[PDB]
Every structure is written in C-alpha cells, then in structure tokens.
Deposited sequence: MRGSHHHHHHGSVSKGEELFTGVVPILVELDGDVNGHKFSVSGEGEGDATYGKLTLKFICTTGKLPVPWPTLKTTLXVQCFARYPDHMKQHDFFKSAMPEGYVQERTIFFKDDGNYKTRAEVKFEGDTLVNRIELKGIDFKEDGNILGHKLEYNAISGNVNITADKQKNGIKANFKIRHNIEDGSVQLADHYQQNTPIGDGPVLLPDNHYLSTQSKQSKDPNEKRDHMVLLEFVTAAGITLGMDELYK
C-alpha cells in the first residue's frame, strides 16, 4: 500500500537459489526486471554449479509474486507489495505425484533498489529414473491460477495450485503446490479476500549462453473479484 509505491516503475530483480535434490546439489542465479503495473517479469537464470540436475520447468514456480498486477479494484488485496520493503517469507511444498517432493523457503525483500528472492530448496524421495531426475519433460508453456486465502493467525496468506507437466511418453506429471507467506517486518499488511493470480510464462534459450540456463518471460495478474 505504501509498499505498492516501490513497484510503480521497472524494478531490478536478483534471484539466488541453493538446491539439493536427492543429493544432487546445485546453485542458480537469476537477474532481470519486473514491471508490476503490467504484471511483467523478464529474467534470465543460470546454473552456476554445472549441469542442472532437475528440469528447468520444475524450478520455474520457485524462481516474486510482488510483481503481480493487481487491478485497481483489487488493490486492497495485495499482500505481497504491502509487506515491502521488509519483505516476506514464502514457503512451499511441491508434491510430484508418484515421485518426490520439493520443500522451499524464500525470503523476498528489497536490498536497496533491487528486489531480491533468496531461496533454499530441498528435494527428497525422488526416483532416479522418474520424470524429474530422468529429465523426461516435454517442458511446455506453464500457465495456471494460484488460489490465495488469508491466514490471519500468521498475519499472511496461504495459496494452493496444481502444475501439470507434459511427459515424453504422453503422460502428465502433476506437481501439487502448497504455499504460505508471512511478513518479515512488523508493520500491518493487507489480508486479502479469496482471489487468484493468473500466471503464464514462456521459456527460451540465449543462443550465446554456454552455461545451463533459462530465459523467462512471465505475466502475473490478480483476478477473481469483480468490478
């Protein structure tokens, strides 16, 4: 709400992720820009440790919902920006049906003029030749609706949603997401009415980038409440 003032132009973004999936340890950095007025994210991500051991599409939801476009008429429901600049902690559990799970903790906050997403990710219980560790995705455009509810006792939000990844054998891999966000600071925040974020992206490669990487263009828009 005064936090929303921090987002009125184009903001630089830095992402840092440390991962361990089934003992396969990796790091990912990301840099780019967000333009919340348009719900627009443009980022490039690099694996800084070598080859990425999981598919990039399974990291996309982990790798800054403060850049959503909230319609004017829904501005009282933007928790994410209201927590800024001190920020929020985002935690998720991602269950890959018939396979392992990711558990994540991200701190999302300003460091000067840069919005930082600092993430820890732990994967356990994966099959070594399942769809994730065996890189069997027909990694495809990922879109869908993030269903948000208020969580009063934690002064934050919860959210849930499903991602369906298409697999080379014609099957789909379900990834069921459960999310909680809690402010880092003590200021009041906006506790929203039930709504969703409509999210879509497109993934590409930088033809000159030798390191394992993902370029991402994403649009995020709050919806569900009419007027």
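Where C-alpha coordinates are absent, the deposited sequence of this PDB chain has the segments 1-13, 77, 242-248.
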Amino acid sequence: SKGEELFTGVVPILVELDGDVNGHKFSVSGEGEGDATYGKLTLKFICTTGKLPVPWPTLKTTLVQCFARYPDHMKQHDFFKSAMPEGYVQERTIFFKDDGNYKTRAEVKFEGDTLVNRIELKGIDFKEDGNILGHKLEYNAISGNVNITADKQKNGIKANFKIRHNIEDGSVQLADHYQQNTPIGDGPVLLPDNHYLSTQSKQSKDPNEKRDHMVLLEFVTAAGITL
From here on, numbers count along this sequence of modelled residues.
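Note on 5-13 vs 19-27: mean CA B-factor is higher in 5-13. Comparing the deposited coordinates for 135-143 and 111-119, the stretch with the larger average C-alpha B-factor is 135-143. Comparing the C-alpha B-factors of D193, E33, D176, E168 in the entry, the top value falls on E168. Reading the B-factor column for the CA atoms of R69, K202, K158, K44 in the entry, the top value corresponds to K202. Per the PDB record, residue ranking by Cα B-factor puts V172 in the highest third of the chain. For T58, the recorded CA temperature factor ranks within the lowest third of the chain's modelled residues. In the deposited entry, the Cα temperature factor of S198 sits in the middle third of values across the chain's modelled residues.
The PDB entry assigns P183 a C-alpha temperature factor belonging to the middle third of its chain's modelled residues. When the CA B factors of the chain's modelled residues are split into thirds, the value for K154 lands in the highest one.
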